[PDB]
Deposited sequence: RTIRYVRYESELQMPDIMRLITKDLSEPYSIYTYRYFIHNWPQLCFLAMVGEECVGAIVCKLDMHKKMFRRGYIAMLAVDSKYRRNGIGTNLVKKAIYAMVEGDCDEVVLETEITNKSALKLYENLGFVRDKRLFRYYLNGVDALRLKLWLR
């Protein structure tokens, strides 16, 4: 069971991308726009002839990066795919002259919070009822300079 990490350069994988998003947690035009403007930041984790995980990020002007989506298949979690996927996106952001990488998450997602804390991310703000479900959210940012 060999896993692979591949950037975004094709037009076949967006249908695979959405399948890995709606089954984990938005409109199709959100992903379309994010892939459009920043194709150099969207990464996928493919094992065999399918896609196991995905990350979609945007970097916009201090030049601040943003991590929009990070999802892994249920049968393939806890293998370190997410940590490597986030590392190979932070590195691409760094090669793009970014100053801070910000993101938002649910306070209930303890696994994601522990993962990002291990990666070095530090909580900066807490938002009340920020998510449409009703749960409070946490804003985690990593400063590079």
(message) As a test: can you identify every run of the deposited sequence that has no C-alpha position in this structure, in order?
(response) 26-28, 65-68
